[PDB]
Amino acid sequence: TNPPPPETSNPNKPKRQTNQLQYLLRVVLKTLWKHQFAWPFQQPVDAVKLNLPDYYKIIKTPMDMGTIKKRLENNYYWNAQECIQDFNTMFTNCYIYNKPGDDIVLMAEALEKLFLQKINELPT
Ligand SMILES: Cc1nnc2n1-c1ccc(-c3ccc(N)nc3)cc1N(c1ccc(Cl)cc1)C[C@H]2C
């Protein structure tokens, strides 16, 4: 089956607004969300719907842009590096589950390239 999604809000966690977290939501996430190849990555992988029974046998740290949006907008992250780590986890999952040169791998690679260009611009 599917696991519950990752945790996305917790009112016991301390909250802060930073320039870098603001950029990651308002600029980074937005540009990725509207990319041609964003659609597979906008919500948790639904392994039941897609008939991928081994997806969560292989991928033990799930992540998707939907979850990352929820974490940014709920002030779940304290450090910008947490969010960057989550985007990395998302791309890496796709590379782990799939194989070099698969269509979805090319799409993730191109998304990652745009994420890297956008992070280059992260404000201080
Ligand atoms: C992300 C990711 N990492 N691996 C996968 N995915 C993936 C997630 C969601 C979908 C998907 C597929 C159909 C649909 N209606 N909504 C979402 C397809 C995927 N996959 C996918 C998406 C696009 C293309 Cl062209 C091929 C495979 C394959 C699947 C194993």
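Worth knowing before you read on, the calculation uses all heavy atoms, side chains too, and leaves out hydrogens, waters and symmetry mates. The first residue in the sequence is number 1, and the count goes up from there.
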Spell out, yes or no, whether [X] and [Y] are grouped together once hydrophobic residues are joined by side-chain heavy atoms under 4.5 Å, including indirect joins.
| X | Y | answer |
| --- | --- | --- |
| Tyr95 | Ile58 | no |
| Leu32 | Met90 | yes |
| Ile96 | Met63 | no |
| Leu25 | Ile68 | yes |
| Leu50 | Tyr55 | yes |

Quick one, [X] and [Y] - any side-chain contact, counting heavy atoms below 4.5 Å?
| X | Y | answer |
| --- | --- | --- |
| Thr18 | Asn79 | no |
| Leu116 | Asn120 | no |
| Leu106 | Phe37 | no |
| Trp39 | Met65 | no |
| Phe91 | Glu109 | no |

For the [atom1] atom on [X], are there more than 12 heavy atoms of other groups (residues, nucleotides or ligands in this structure) within a distance under 6.0 Å?
| X | atom1 | result |
| --- | --- | --- |
| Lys34 | NZ | no |
| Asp54 | CG | yes |
| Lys113 | NZ | no |

To the closest 0.5 Å, what do you measure between [atom1] ([X]) and [atom2] ([Y])?
| X | Y | atom1 | atom2 | result |
| --- | --- | --- | --- | --- |
| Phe87 | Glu112 | CZ | CD | 11.5 Å |
| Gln117 | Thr31 | CD | OG1 | 12.5 Å |
| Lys13 | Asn74 | NZ | CG | 10.5 Å |
| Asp64 | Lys69 | CG | NZ | 12.0 Å |
| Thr67 | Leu72 | OG1 | CG | 11.0 Å |
| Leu111 | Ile104 | CG | CD1 | 8.0 Å |

Indicate whether the side chain of [X] and that of [Y] have a donor and an acceptor atom separated by less than 3.5 Å.
| X | Y | value |
| --- | --- | --- |
| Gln20 | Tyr77 | no |
| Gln43 | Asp46 | no |
| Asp86 | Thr89 | no |

Tested for side chain to side chain contact (heavy atoms under 4.5 Å, CB included) against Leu24, the lone hit among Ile119, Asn19, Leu29 is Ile119
Any idea which heavy atoms bring [X] and [Y] closest together, and the distance?
| X | Y | result |
| --- | --- | --- |
| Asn2 | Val45 | OD1-O, 3.7 Å |
| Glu121 | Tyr23 | CB-OH, 2.9 Å |
| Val105 | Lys99 | CG2-O, 3.4 Å |
| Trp78 | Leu21 | O-CD1, 3.7 Å |
| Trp33 | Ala38 | O-CB, 3.3 Å |
| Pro62 | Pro6 | O-CG, 3.7 Å |

Within the side chain of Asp102, is there an N or O that forms a donor-acceptor pair under 3.5 Å with the backbone of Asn98?
-> no
Practice problem: Answer yes or no: is there a donor N or O on one side and an acceptor on the other, between the side chain of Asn93 and the main chain of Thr61, under 3.5 Å? | Solution: yes
Axial cation check for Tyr76 ring with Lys70, 6.0 Å and 45° limits:
no
**Prompt:** Checking side-chain contact (heavy atoms from CB on, under 4.5 Å) for the pair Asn88/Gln85: CA distance, chi angles, key distance, verdict?
**Reply:** CA-CA 5 Å; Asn88 285 321; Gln85 189 201 114; 5.6 Å; no
